[PDB]
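Form deposited in one PDB entry, single chain, as structure tokens, below.
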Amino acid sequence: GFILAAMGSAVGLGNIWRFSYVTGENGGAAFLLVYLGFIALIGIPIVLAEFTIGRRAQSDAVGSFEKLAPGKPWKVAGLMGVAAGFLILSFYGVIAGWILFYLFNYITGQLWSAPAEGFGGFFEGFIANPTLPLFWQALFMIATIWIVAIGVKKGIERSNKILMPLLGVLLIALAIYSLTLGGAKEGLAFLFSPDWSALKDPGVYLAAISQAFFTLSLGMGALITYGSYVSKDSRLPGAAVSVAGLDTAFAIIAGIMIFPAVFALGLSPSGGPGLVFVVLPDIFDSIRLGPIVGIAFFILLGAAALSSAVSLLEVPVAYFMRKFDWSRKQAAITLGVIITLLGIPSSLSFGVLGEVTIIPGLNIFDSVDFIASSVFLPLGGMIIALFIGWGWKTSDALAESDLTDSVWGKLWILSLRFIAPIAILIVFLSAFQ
């Protein structure tokens, strides 16, 4: 039921866009290994943790901590999630803006054939433009603010009820097609033959733990909100697995679509954020009716991004209504404008503001992404796990998580109580050296 809504949030640009350029510049299979290891040992338990919290509390993220734990400082994760909601959405609307621009050019037929400067140069010229991405960012943000304020979200999960299975099938089709382009052995080995020297590098673990929290909509309390509006019929840990498995499925299939085509096109896997925006247009170009494939793919991906951005904007909006007694439309608009303003310099980091560094060695886009995804999400996720692991009580924890008198229940508690917090902790200390 409402578990589909959680998948609507989980599956988005993190599965196709982010997963690609993070996996690419981090070795590939070695990264993927750690990534898959984190979803299992850290991801799924914490996803189940957020479901458990919301379902008992029957409230929003930050409100859940106060109801379950009045006055206790456990709510610092919820507050940290609010800040992450601002940061992540700020640049998320920028990448989603890129999708709408690419959608437009397939509608006008400008991307049907390769431009004079090539698809790479086309994307370069677009993001180097100071004001052209800003329009499409605003256009996407306005649509997000619109849906959140009006509260019309059944336009959204009737969408991910049809459009998301369509996205999955399309990706499966494109993944198979990409393997025929002549870079299959190079692509699969990159993705599934681990380089053990990369496991020497602590930064790989931090990138994997970041992608894990990002792709699962985890660490900021977005899933806590979904869990509150889940009836008690529903076995939560099956939901947590199904959510994690489906999202993992979307990402891995996307990798099989991208990287074989990357080596086929003779591109670098460490290309950057615009990797997919260079590969896909040429794949579609190799297809005779590829413009139609292109139009369909960016309509579907845009839908997935929209349903994820609504999920993102909801976290600060729901908070500001609980704390400052704002109306839904007021909160959505005000925060919407602020977040969009916050996204402008981030979008300019691909152009005239490329020289600016905030985090040492990282531009504005990478800095915001770092602070939100590599710091806030796993730190907040740690606190959430610690909350159930130590702050809760096993009897209540297992009761809500539908894992009473089970071996999985003890295994789940063990994850949240030690294995997950220590793993995130170890990654932190090793990375910050």
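Residue numbers run from 1 along the displayed sequence. Rigid core here is just the name for the largest C-alpha set that superposes within 1.5 Å across the two forms.
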For 25-33 versus 50-58, entry-based mean Cα B-factors point to 50-58
Once average C-alpha B-factors are taken from the entry for 90-98 and 190-198, the winner is 190-198
Just to confirm, going by the entry's C-alpha B-factors, which of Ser347, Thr215, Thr225, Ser311 comes out highest?
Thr225
Among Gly351, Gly125, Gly182, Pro73, single out the one with the highest C-alpha B factor in the record, please.
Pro73
Taking the chain's C-alpha temperature factors as the reference, tell me which third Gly238 falls into: lowest, middle or highest.
middle
Going by the CA temperature factor in the PDB record, which third of the chain does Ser286 belong to: lowest, middle or highest?
middle
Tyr229 - Cα temperature factor, lowest/middle/highest third of chain
highest
Please place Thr248 in the lowest, middle or highest third of its chain by C-alpha B factor as given in the entry.
middle
Sorting the chain's CA B-factors, does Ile388 end up in the lowest, middle or highest third?
middle
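The protein also exists as the form deposited in another entry; that form is not presented, and the subsequent description refers to it.
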Of the candidates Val278, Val230, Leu267, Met80, the only Cα that travels 2 Å or more between this form and the one not shown, given a rigid-core fit
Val230
Once the core is superposed between this form and the one not shown, does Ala138 show a C-alpha displacement of at least 2 Å?
no
For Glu124, state whether the C-alpha moves by 2 Å or more between this form and the one not shown after rigid core superposition.
no
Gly155: after superposing the rigid core, is there a C-alpha shift of 2 Å or more between this form and the one not shown?
yes
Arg158 and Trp326: their C-alpha distance differs by 3 angstroms or more in the other entry. Do they come closer or move farther apart compared with the shown form?
closer
Direction of C-alpha distance change in the other entry, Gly155 to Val317 (at least 3 Å)
closer
